[PDB]
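*Asks:* 3D model of this:
(chains A, B, C, D and E, ligands or ions: 12)
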Amino acid sequence: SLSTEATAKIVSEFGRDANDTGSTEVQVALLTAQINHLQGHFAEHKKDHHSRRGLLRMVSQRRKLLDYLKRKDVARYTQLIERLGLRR
Amino acid sequence: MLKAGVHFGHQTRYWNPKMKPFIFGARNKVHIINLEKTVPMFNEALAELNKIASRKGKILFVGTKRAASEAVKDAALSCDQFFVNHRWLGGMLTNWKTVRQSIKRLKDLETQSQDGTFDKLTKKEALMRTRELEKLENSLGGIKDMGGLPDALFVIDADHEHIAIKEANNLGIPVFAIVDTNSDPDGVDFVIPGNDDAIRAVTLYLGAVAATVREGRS
Amino acid sequence: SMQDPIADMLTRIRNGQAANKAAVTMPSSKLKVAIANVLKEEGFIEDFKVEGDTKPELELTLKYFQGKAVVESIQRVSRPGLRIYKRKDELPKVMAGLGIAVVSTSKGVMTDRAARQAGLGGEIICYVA
RNA sequence: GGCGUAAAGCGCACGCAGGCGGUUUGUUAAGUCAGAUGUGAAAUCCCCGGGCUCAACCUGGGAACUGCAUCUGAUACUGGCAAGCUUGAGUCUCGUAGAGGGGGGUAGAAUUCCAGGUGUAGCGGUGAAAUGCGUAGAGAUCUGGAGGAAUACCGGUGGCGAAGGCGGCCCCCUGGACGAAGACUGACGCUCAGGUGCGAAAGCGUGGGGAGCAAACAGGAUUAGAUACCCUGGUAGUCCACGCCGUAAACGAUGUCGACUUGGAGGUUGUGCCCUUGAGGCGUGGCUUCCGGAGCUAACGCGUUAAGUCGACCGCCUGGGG
RNA sequence: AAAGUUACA
Ligand SMILES: [Mg+2]
Ligand SMILES: [Mg+2]
Ligand SMILES: [Mg+2]
Ligand SMILES: [Mg+2]
Ligand SMILES: [Mg+2]
Ligand SMILES: [Mg+2]
Ligand SMILES: [Mg+2]
Ligand SMILES: [Mg+2]
Ligand SMILES: [Mg+2]
Ligand SMILES: [Mg+2]
Ligand SMILES: [Mg+2]
Ligand SMILES: [Mg+2]
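*Replies:* Residues are numbered from 1 along each chain as shown, chains lettered A, B, ... in the order given. Ligands and ions are numbered 1, 2, ... in the order given. Let me share the structure:
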């Protein structure tokens, strides 16, 4: 579930400060890390419908943050989706 | 002015939330009645009681719980007034056009105890008539001398004497009731927040009230 | 979520009068202060206060002429789901003029009688009868 | 105007279009508002008059024509734009309780079957009986073994899950709630037609598996009849893998999301403080059960988890039958 | 254990 060491790495990378956890870059990147990580889990457990519901909450709530960040400043959104790798 | 300090009460751990302004909690799961907000309204009730006693309004005292069962007799029959010490008959005020008949029978039986039903008839009938007379007397007691409806009602428990309060509200009779923390202010016209299930307290209430009435007779 | 803070304001007043509270309190706002100003000068509610630095908090002292509550009926008219704008011709009268209607004109928030004298119209915020 | 029970809340959720949207400042004037102009045919309608002796009818002026367009200005509200602010929403740190889910193992009890050893004449069943099983030796009892399915006690208006639903123990994958104190983002929000997903049992398809139960079916009774209830059996099914179906009295017959409005008694699960003293006490949070106040209402009843007072969206109803 | 039915003003 995105172990504490893994989260610190992403927070420090996309965060504009060492303890900046909450900026939409970090939030989206944290969601992307877990969505990609959970992808392997569901290639084995197809009928884990309850865990997939939690995954869909992350998929949708990332789109809400991505759609939000583009509205505020389309430039910072473009460097995000390119560096993370998504939006296709 | 917070003299006796024997009227803090609380009746229980719980309460009736309408009693909120007059109480604070205590360590024993107990609701201390604010006497500082009891003495001002108590004088107000005494002030109006003095006013109606000047108009000769036939003040009625109501107490049925064993604490006030005998004390109400002591205060009402003390000066000039009436009382109900036993069970309050449902409707002895609103249905007074019928209860007045029972008083008339009680007087007739009271007369019969002096000229009629004592030896002019069998013991099998004299006993039952006498048994009925004391049954009628204990229930229709102090109100036997009341000429009709009263003008002010004094109550010891709002919750216990709820029927009498509702009857007085149905009529046009002000209700001077003392209320615990478990009672209901909704219905009485002069709240007197304090203990009511204790001899030390009800005697203080009755003694103060009766003294006010005796002044009012002047 | 909360989408009509003013309708929230009227509900606190309505429930506070129904609960016989000595004062109701809600998060403050420019519009709430403007309306509460109308209600205070009109007699329906007593003095009001705004406290706070970064979270303003508006308190209204509810008024009771007798055992009853002064504010008998207070109703929201122009809600976010339906905006009601009135010309100067058709400004509503509440309880045959005994009550008031709080209306937002281009010259501030006033009553129906005040806006009528000013010869303006605007949004019908609420009826206060 | 309604939707707990009268007709009416989709089974549940995610979610695009749409609808709505916290607070402060500025700015623009789009909605909105105040005038003005152009126009809104005449006649009809209305109001004040006039003429047929009155009336109908005819007719002079108005007022209307609730509209639209343009010009000027007002900025309180809504909208656009800019800059913010944290209350909503979310991210992180630490911990907590869980039948939440998927996968893989395994433990014991019991039923059945098979093979054996004692051993006898009944067993089984019913309201009574009978079919059935049993001297080819049953039932009973002990030993060994095989198989499948379900997890006694704990166990609880206990818990978890959006709903359906989830109950031995152990592992490895995973989801979601909650709390304390801290930072962080800064309206990122609510609802949701169409769409998408999940969705008891039964059922269907293809492979397995099959102890026990058991539709169908058979026999025995019961009955006037008995295609039933009862008895003895017994196949699909119930179990697994993977697809399909997509319905339930899928129900607290109560859509979701916020706010506000007396109380009492409990359960469950976090926590921060004193006298850590020792059982304890005072508070603060989240879910949950019962009773009840006002209020509500046709009444039953609901009642801080509203069916109270309100807002934002959505769904649905319009007499009974057909 | 068995126990079905019985047109309205
Ligand atoms: Mg209707
Ligand atoms: Mg029905
Ligand atoms: Mg439902
Ligand atoms: Mg949408
Ligand atoms: Mg739950
Ligand atoms: Mg099935
Ligand atoms: Mg099958
Ligand atoms: Mg059978
Ligand atoms: Mg259905
Ligand atoms: Mg169910
Ligand atoms: Mg339904
Ligand atoms: Mg209803």
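*Asks:* how does chain C divide into domains?
*Replies:* The record assigns chain C these domain ranges, following CATH domains of a matching chain: C:1-71, C:72-129.
*Asks:* how about the ones you listed in TSV, adding distance to residue A:88 and mean neighbour count?
*Replies:* Yep, even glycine has a C-beta here, placed from its N, CA and C like the rest. Conversion of these to TSV gives the following (distance: least, Cβ to Cβ, whole Å; neighbours: other Cβ atoms under 10 Å in any protein chain shown):
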stretch	distance to residue A:88	mean neighbour count
domain C:1-71	33	15
domain C:72-129	38	16
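*Asks:* okay, those in TSV with distance to RNA strand D next?
*Replies:* Supplementary listing: those in TSV, determined by distance: least, Cβ to the nearest atom of the strand, whole Å:
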stretch	distance to RNA strand D
domain C:1-71	3
domain C:72-129	3
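*Asks:* want to throw the ones you listed into a markdown table with distance to residue A:66?
*Replies:* Converted to a markdown table, these look like this (distance: least, Cβ to Cβ, whole Å):
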| stretch | distance to residue A:66 |
| --- | --- |
| domain C:1-71 | 22 |
| domain C:72-129 | 28 |
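*Asks:* of all those domains, which one comes closest to residue B:75?
*Replies:* domain C:1-71 (31.2 Å; Cβ to Cβ).
*Asks:* okay, how far is it across the closest one, tip to tip?
*Replies:* Taking Cα to Cα, to the nearest Å, the span from the opening residue of domain C:1-71 to its closing residue is 27 Å.
*Asks:* how distant is it from the center of its chain?
*Replies:* 8 Å (Cα atoms, centre = their mean, to the nearest Å).
*Asks:* now swap in stretch A:44-53 and tell me
*Replies:* Centroid displacement of stretch A:44-53 relative to its chain, using Cα atoms, centre = their mean, is 19 Å.
*Asks:* sorry, back to before: looking at the domains of chain C, which is closest to residue B:53?
*Replies:* Within the domains of chain C, the stretch nearest residue B:53 is domain C:1-71; the backing value is 27.1 Å (Cβ to Cβ).
*Asks:* the helix or strand encompassing residue A:30: how far from the chain's middle?
*Replies:* Using DSSP states H and E, residue A:30 sits in helix A:24-44. What separates the centre of helix A:24-44 from the centre of its chain is 6 Å, taken as Cα atoms, centre = their mean.
*Asks:* backbone dihedrals for the spatially closest residue to residue C:51 that is not a sequence neighbour, please?
*Replies:* On the basis of Cβ to Cβ, 6 or more residues apart in numbering or on different chains, the spatially nearest residue to residue C:51 that is not a chain neighbour turns out to be residue C:57, at 5.1 Å. Torsion angles at residue C:57 (phi, psi; degrees, to the nearest 10) stand at phi -140, psi 120.
*Asks:* up against RNA strand D, what does chain B have?
*Replies:* B:13-15, B:17-18, B:20, B:25 (Cβ under 7 Å from any atom of the strand).
*Asks:* buried subset of those, written for PyMOL?
*Replies:* Provided next is the PyMOL selection string for whichever of these are buried by 16 or more other Cβ atoms under 10 Å in any protein chain shown:
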select buried, chain B and resi 15
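*Asks:* quick check, nearest of the residues of chain B next to RNA strand D to RNA strand D?
*Replies:* Distances from the residues of chain B next to RNA strand D to RNA strand D were compared by Cβ to the nearest atom of the strand; the smallest belongs to residue B:17, at 3.4 Å.
*Asks:* that's a strand at residue B:32, yeah?
*Replies:* Yes - Residue B:32: assigned to a strand according to DSSP: H, G, I helix; E, B strand; the rest coil.
*Asks:* pull the contacting residues for it.
*Replies:* B:8, B:10, B:23-26 (Cβ atoms under 8 Å, 6 or more residues apart in numbering or on different chains).
*Asks:* grab the most central residue of chain A for me.
*Replies:* The geometric centre of chain A, computed from its C-alpha atoms, lies nearest to residue A:31 (Cα atoms, centre = their mean), at 2.2 Å.
*Asks:* so what's that residue closest to, chain neighbours aside?
*Replies:* Leaving out its chain neighbours, the residue that sits closest to residue A:31 by Cβ to Cβ, 6+ apart is residue A:62, at 4.2 Å.
*Asks:* orientation of the helix or strand encompassing that neighbour relative to helix A:24-44 in degrees?
*Replies:* Secondary-structure assignment from DSSP H and E places residue A:62 in helix A:49-72. Helix A:49-72 and helix A:24-44 are oriented at 150 degrees to each other (axes from the mean of the first three to the mean of the last three Cα atoms, to 10 degrees).
*Asks:* just how off-centre is helix A:49-72 within its chain?
*Replies:* Using Cα atoms, centre = their mean, we find the averaged C-alpha position of helix A:49-72 to lie 8 Å away from the chain's own average C-alpha position.
*Asks:* which elements pack onto that helix?
*Replies:* Helix A:49-72 makes packing contacts with helix A:24-44, helix A:74-84 when contacts are defined by 3 or more Cβ pairs under 8 Å, 6 or more residues apart in numbering or on different chains; DSSP states H and E.
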